[PDB]
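Since the structure comes first, as structure tokens, the remarks are kept for the end.
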Amino acid sequence: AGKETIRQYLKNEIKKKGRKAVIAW
């Protein structure tokens, strides 16, 4: 869980694909 909030949840294991969750959805 991202309770380690950096578990990789800070990256969603994707950075949502590169923080794309805005660097490009």
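Residue numbering restarts at 1 in every chain; chains get A, B, ... in the order shown in the structure tokens, and ligands count up from 1 in that same order.
Residues of chain A that DSSP, applied to the backbone, places in alpha helix (DSSP H): residues 15, 16, 17, 18, 20, 21, 22 and 23 of chain A.
One distance worth recording is that between atom CA of residue 22 of chain A and atom CA of residue 9 of chain A, which is 15.5 Å.
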Fill in: Separation of atom CA of residue 2 of chain A from atom CA of residue 21 of chain A in Å
16.8 Å
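Straight-line separation from atom CA of residue 7 of chain A to atom CA of residue 23 of chain A: 20.7 Å.
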